[PDB]
């Protein structure tokens, strides 16, 4: 009676290290609604993330879009940390500039 979240870390506009754009982490299909979401640069959270407000799909599932501005590079990698009552594993996910 608890559904584990579906993380999706990506970018608003296509990857190109310079043209600054945005970092999105889309968590969806979870339940219960309480979930913890933080963005990471090279291992340490990003200070002031902006997050949309909770919402939910017709199937009673919650979704939410964590995000913040940033400028991609070659030697920097971003990840999305997330905690949930369903997360056996305090699941961090890395931003693959390919999905």
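Numbering follows the first chain given and starts at 1.
Among the modelled residues of its chain, residue 9 has a C-alpha B-factor that falls in the lowest third according to the deposited record. In the PDB entry, a CA B factor belonging to the middle third of its chain's modelled residues is recorded for residue 50. Remark: residue 59 belongs to the middle third of its chain, ranked by C-alpha B-factor as recorded.
Among the modelled residues of its chain, residue 77 has a C-alpha B-factor that falls in the middle third, as given in the PDB entry.
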